[PDB]
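# Architecture at a glance
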Amino acid sequence: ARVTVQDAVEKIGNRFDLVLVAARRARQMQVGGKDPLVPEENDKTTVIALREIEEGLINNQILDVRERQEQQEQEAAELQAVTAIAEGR
Amino acid sequence: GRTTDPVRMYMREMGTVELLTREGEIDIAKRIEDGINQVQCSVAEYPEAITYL
Amino acid sequence: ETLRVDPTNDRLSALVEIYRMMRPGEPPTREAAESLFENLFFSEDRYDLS
Amino acid sequence: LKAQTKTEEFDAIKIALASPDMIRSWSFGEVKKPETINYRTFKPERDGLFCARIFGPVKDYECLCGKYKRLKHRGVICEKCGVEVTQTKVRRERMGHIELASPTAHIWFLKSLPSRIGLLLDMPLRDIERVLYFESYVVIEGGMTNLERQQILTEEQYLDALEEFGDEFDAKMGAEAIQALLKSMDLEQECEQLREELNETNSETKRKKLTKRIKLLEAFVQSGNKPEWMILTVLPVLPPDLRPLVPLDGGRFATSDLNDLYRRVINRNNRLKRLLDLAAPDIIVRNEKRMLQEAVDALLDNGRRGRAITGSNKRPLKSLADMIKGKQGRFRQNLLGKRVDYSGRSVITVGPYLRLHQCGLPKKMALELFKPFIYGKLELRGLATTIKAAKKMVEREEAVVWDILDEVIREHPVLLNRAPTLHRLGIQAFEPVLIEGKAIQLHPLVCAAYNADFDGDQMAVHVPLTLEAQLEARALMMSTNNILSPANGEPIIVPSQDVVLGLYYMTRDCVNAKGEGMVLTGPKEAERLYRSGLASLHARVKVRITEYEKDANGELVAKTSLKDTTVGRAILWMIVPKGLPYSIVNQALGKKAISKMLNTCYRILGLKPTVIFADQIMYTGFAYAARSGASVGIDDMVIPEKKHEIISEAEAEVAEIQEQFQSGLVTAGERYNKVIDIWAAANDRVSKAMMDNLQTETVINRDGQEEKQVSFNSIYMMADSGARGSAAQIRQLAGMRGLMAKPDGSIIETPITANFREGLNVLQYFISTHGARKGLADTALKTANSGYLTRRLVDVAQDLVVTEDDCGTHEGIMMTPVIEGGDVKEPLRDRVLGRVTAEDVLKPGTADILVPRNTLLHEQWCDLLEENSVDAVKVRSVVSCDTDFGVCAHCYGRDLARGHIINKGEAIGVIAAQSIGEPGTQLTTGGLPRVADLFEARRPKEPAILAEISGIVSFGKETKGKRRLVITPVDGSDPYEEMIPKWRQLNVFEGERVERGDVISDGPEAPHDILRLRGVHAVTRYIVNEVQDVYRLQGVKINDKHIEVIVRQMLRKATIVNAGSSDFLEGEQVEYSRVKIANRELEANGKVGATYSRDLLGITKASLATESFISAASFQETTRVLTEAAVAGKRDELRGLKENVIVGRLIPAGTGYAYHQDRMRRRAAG
Ligand SMILES: [Mg+2]
Ligand SMILES: [Zn+2]
Ligand SMILES: [Zn+2]
């Protein structure tokens, strides 16, 4: 349980964008794409994400960056597959 | 003048027309006979009206 | 003064204004005004204070 | 890129008049028959109101005839009877039409108050209706002969005129007439001519109407609407499932009233076509056309002609207008309410064991509510093969499911709500705790926020579903996250009754008790002294304590000392966290003090410590109150021994004055006042007797013979602590109760001498009864008035949301202590707290800036201002904000349940409206109606008048009903002369100079005057001060902020004086206007910039203007709004709260503010 969110609100100012970012990360966990950055107490992804905000290891900057990397990580694989589509010409 | 409620603008509009005398009915009916028979005769005077039949 | 504002003159006239008050827009008739007005408060049928 | 054709996520919406071809575009067939269903086989009769061919298949993916039954054949149109086999849902969608024989007026555009067909043609309504009913002929395009274009003629007149002029003259009658008029109309030419006529003639009467009409016309042209469309050639038919025939039990059928209407329309239409093909006489086909008009009108909007009645049933039939409007005043199903899944409710109980962040949720309720989650969690762990088996399991309530429920419940919050939701705290998020029982358990400290008694009130639960909803509930609606009323920074979590009687009983001191005078090492052995029965809970004792002060830099200093305190205070001190001084617990701990403890704790240690603090306070309050053995007996209520004597003497006075009235020394009324006064004085005396006796009468001995202190009597402790009871009610218990008043309000001169501790006899009780019934009536009424008021408030505010960050204007209002007539009816510190400074402020000496330009003034800043003598601070406000279409957070203030500055995107208009509204039940010209009068800016009954301009004035002319006042400015021209009725006693001196806005008479003044002759800051100050007078007289705490945003919404529109872009006298947005003149001051015209005049609009009036028409159709009269918008071709972009609520997407505020913003910038851009 997280009794108060104030610390997370300290880590990202808006407190609405807190709900948004925490939601995004929470979905990164819930749909099984990724794993927690901090020990799971049986806390649901909802609270795990907030704990991740409090530790300052998760916010909009970090998330955007990581996603931007993964784009190229998929581009790396599919490079040889999609360049084979030169039949377009 | 007009209360609306179209029952009224009808009731008043028809109520202007005067009731026919017993003779007037026969005058009008005679007029009917005149007109119709005119169109019938006009039909009888057309060659194609015959040939078609 | 009430009379000074009264639009009517004679019984029949008043009855006309009343019948045209209760059932407005339709042409008033003598028997109609009489029947209505007699039937409002004066008829054993349509009126009782008991 | 190809933009798109088919489905996207749409923006805005558009409304306008409908072409016959458009109505046809929607129509997938023409319903030619009144028939509905076949009467045995219930299949739809083809081309009828209910039809398979035109609308859709009766059952899913199945042809009507039955040929193609397979889910394969889909885009197939059946050869037998063409029906494309598709889901029956498309019968809820596809429209239809009817081609009418004679043209027909659309009753909305004929009968809308400003009749559209009427004022577009400059043709009076009654004339047009006289034309539609075939009661007269009207000219069209008269040419040059004898006749006006719009002129109306009678039978004989039309005949004569026709005999004179065969051609070059034209006249029609009926619907075809009006349609021909509208079609023939050239708007542009009228525009030119009207511009000219506007220019030539000088009269106010002429050019007012002239300009109004030209503006109307050009707007209609710019719309894209062609006038002809107000006359219906084609009538669209609504989809069958939206007006269903669906069967019932007993084999009976039930259907919408639209079927009767549509049926009538189709009938009379077909019969008219028939009467045309039969060459009927005019008098017949005319009657038929009229009847068709009536039928169509009744279908669209019923009640503007005859109010047709449904078959065999007296009650009038519901039309499409009534379908749109709804009922319960203005409610559109997003308004009155909407039923919602994943919810529940039940009776509520206490649950003191709960932490403030949780609530007891009944087992069965949790099972049913979380049922889908449970299904998924059951088969995720593999305890259930498939979802079916999962259902079977939870239905069997197998042992294993409860644990799974404990799994899905843990971090998943639930929303709890009560019946009268006023302020946002009406809904709060809690962590569910599984409980055996059917009752919901709700944390005691929250009971104040809900205004929830335990007498059988119910609460409703809602399960937040999506992840975003869980996190919203936890980071926003969470209980622990709102500890402070949004109206004022004071804690709403303040301990209520039992708890405060506990803490009060705990720290208090009697004269002599076990362990008196001794000394102890610390709170530990103090509590140990108490629990062992050696020392009494309350005794004067010195004990060593260790307190802390964070007063170092971010750091907690330690200091120890021997304090003179009691045992109870020592015990209680164990709870108080860290940096709080022992000073706070060393008092008697009343409700106010016990609240300020919490407040200080929050403004020092932060949130979490304050939370857990409040929790412990509750626990200890309950426990120790329980230990205390507080009770109430019949002997706990002490009547003054001197009561009967006071009664007797005061009863002697009445016989004195009675003797005088008998002898005639005094008049009857004067007598009345005298006796009433002596009895009132009597009641005061008895009250102030029983209060002394009840309060101080404990007389108790320490080592000597006697000493006396404040009473330990139960009822006194209860009344004194602030737990429950009050001097008035206690006065009603022991002392005599009041003097009653007849419904007239003439106060009875024989007061109730007896009290509740004694008996009341027959008469006394009967007289009390009226007071009771009027009490219940008045309160239950003021609830309704409160609701109505809040409603007007959110209607006028709503879409106002924090948008920009900082507009950065030095502008703001001067904040002084209220200082009324006595000493300080409210300090400076409260008024300026949490408010940003407009500019830097000074010590008595200078070049020393204490507070530096714009800075949130928190408790420390305000105390720093308090150390210095500063009486004056200029403060930025929401009313003065330079930002257009919203408020910048920098202007607003910090206020929220959190002490930090207001977030970007929080919707402030709503919370302001709520904050003003919720206390409204507690308000008693004065009063809540006075509040309403203020916000409606109503000119009072007997208003004063303020000097129009400064300078020496004198009196002129005579006695015409106004004796004119002539003002004489020093340098400027005199001619301002106002007509003052002389029958009103004046003030202004005939020989003295009077500043603009001085008192030329007495009585209250209309805020319009204050706005014009004094100005914006002056008027906002008047409103806020008067309404705050009303509230504060009742002991209601409301920050000036909310009232100031309401005020800002009131003055939103203003009228222009000068010119160079838009029209002269128009009332318009000062946002639009100011952004236009700020843009005009440079570039554009070098400066053409116009001058406006700020206007004051009442809240109910200002709510009328809203850009979005969907929004307006909600709370206003729907029928008018839809028409009025449709003629202008108004395009609603949403952009507001209400509209997005209706259309069902994310609110352009809060969490959604990130969405709507990101989309807002994408719009009007690349
Ligand atoms: Mg109650
Ligand atoms: Zn078929
Ligand atoms: Zn601002």
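For this coordinate set, the PDB header names X-ray crystallography as the determination method and states a resolution of 3.6830 Å.

### Regarding the overall build of chain C
Along its length, chain C carries two helices and zero strands. Radius of gyration (C-alpha) of chain C: 12 Å, far over the 10 Å computed for a compact globule of 50 residues. For chain C, the spread of C-alpha atoms along the three principal axes comes to 35 × 25 × 15 Å. Of all 50 residues assigned to chain C, the portion counted as buried reaches 16%. Here chain C displays about 4,200 Å² of accessible surface, and carbon together with sulfur accounts for 54% of that area. Taking the average place of the 6 positive charges on the side chains of chain C and the average place of its 11 negative ones, the gap between the two points comes to 4 Å.

### Let's talk about the coordination of the zinc ion (ligand 3)
Residues and elements named next belong to chain D. The protein atoms donating to the zinc ion (ligand 3) are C807 (SG), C881 (SG) and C891 (SG), with metal-donor distances spanning 2.2 to 2.5 Å. Here the donor residues of the zinc ion (ligand 3) share one chain and are spaced in sequence as C-x73-C-x9-C. Here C807, found in the loop between helix 27 (762–796) and strand 19 (813–815), pairs with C881, found in the loop between strand 20 (873–875) and helix 30 (889–892); they are 74 residues apart in sequence, far enough to count as distant. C881 shares its class with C807; the two are buried.

### Digging into the UniProt feature "binding site: Mg(2+)" in chain D
Residues and elements named next belong to chain D. Summarizing the sequence annotation, UniProt attributes the feature "binding site: Mg(2+)" to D453, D455 and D457 in the numbering used throughout. Along the chain, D455 falls in the loop between helix 16 (447–450) and strand 13 (458–462). Look at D455 and you get exposed, because its relative accessible area is 63%. On the secondary structure map, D457 appears in the loop between helix 16 and strand 13.

### So, the side chain of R474(D)
By the secondary structure assignment, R474(D) is in helix 17 (residues 467–475). A polar contact is formed between the side chain of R474(D) and the backbone oxygen of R2(A), at a distance of 2.9 Å. If sequence neighbours within four positions are ignored, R474(D) has contacts with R2(A), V5(A), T46(A), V47(A), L50(A), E411(D), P413(D), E431(D) and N481(D).

### Topic: the domain arrangement of chain D
Here chain D is partitioned into domain 1 (634–782) and domain 2 (1099–1165). Averaged C-alpha coordinates put domain 1 of chain D and domain 2 of chain D at centres separated by 58 Å.

### Points about helix 29 (residues 859–867) of chain D
All names here are of chain D. Every buried residue of helix 29 is accounted for by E859, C862 and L865. On an axial view of helix 29, the arc spanned by its buried residues comes to 125 degrees, and they lie on one face. Facing away from the buried surface of helix 29 by more than 90 degrees, the exposed residues are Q860 and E867. In this structure, the buried residues of helix 29 make contact with helix 21 (591–605), helix 28 (828–832) and strand 20.

### Considerations on the nonpolar core
Residues and elements named next belong to chain D. Core analysis: the largest hydrophobic core is formed by 85 residues, its most contacted members being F370, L378 and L416. Ignoring sequence-local partners within four residues, the contact set of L378 consists of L383, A384, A390, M393, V394, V401 and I404. With 69 residues, the next largest nonpolar core counts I107, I117, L235 and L272 among its residues.

### Regarding the sheet that holds strand 8 (residues 343–349) of chain D
Residue and element names in this part refer to chain D. Strands sit in the order 8-12-9-11-10-13 around a closed barrel of six strands; the barrel is mixed. Recorded for the sheet is a direction-independent mean angle of 45 degrees between the axes of neighbouring strands. Where strand 9 (residues 358–362) meets strand 12 (residues 440–442), two bridges bridge the pair, whose relative direction is antiparallel. Within the sheet, the bridge partner assigned to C359 lies in strand 12 and is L442.

### Here's the deal with a positive patch on the surface
Together, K957(D), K960(D), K962(D) and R984(D) give the surface a local cluster of positive charge. Mapped onto the elements, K962(D) comes out in the loop between strand 21 (953–956) and strand 22 (963–967).

### What to know about helix 8 (residues 204–223) of chain D
If you check helix 8 of chain D, its first and last C-alpha atoms are 29 Å apart, about what 20 residues at 1.5 Å a residue would give, namely 28 Å. Of the surrounding elements, those touching the buried residues of helix 8 of chain D are helix 3 (116–120), helix 7 (187–200) and helix 39 (1118–1128) of chain D.

Calculation notes
- Residues numbered from 1 in each chain as written, not as in the entry; some residues may be left out.
- Chains lettered and ligands numbered in written order.
- Part of a larger assembly, values for the part shown.
- Heavy atoms only, no water.
- Residues with missing side-chain atoms left out of burial classes, pairs and counts.
- Helix = DSSP H or I, 4+ residues; strand = E, 2+ residues; numbered from the N terminus.
- Rg over C-alpha atoms; globule rule 2.2 N^0.38 Å.
- Buried < 20%, exposed > 50% of the residue type's maximum accessible area, 1.4 Å probe, protein only.
- Areas by Shrake-Rupley, 256 points an atom, 1.4 Å probe, with all protein chains shown as cover.
- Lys, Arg positive; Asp, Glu negative; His and termini not counted.
- Charge placed at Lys NZ, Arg CZ, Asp CG, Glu CD.
- Donors = N, O, S within 2.8 Å, 3.2 Å for Na, K, Ca; no water.
- UniProt positions renumbered as here; feature names shortened; annotations may be inferred.
- Polar contact = N/O pair within 3.5 Å; in protein donor to acceptor, adjacent residues only side chain to side chain.
- Contact = heavy atoms within 4.5 Å.
- Domains from an automatic or database assignment.
- Arc of directions from axis to C-beta.
- Core = buried A, V, L, I, M, F, W, Y, C linked by side-chain atoms within 4.5 Å.
- Pairing = 2+ DSSP bridges.
- Axes fitted to C-alpha atoms, helices over the stretch in contact; angles between N-to-C directions.
- Patch = residues over 30% accessible without salt bridge, like charges linked within 9 Å, V, L, I, M, F, W, Y side chains within 5 Å.
- Salt bridge = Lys/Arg side-chain N within 4 Å of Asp/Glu carboxyl O.
- Expected span 1.5 Å × (residues − 1).

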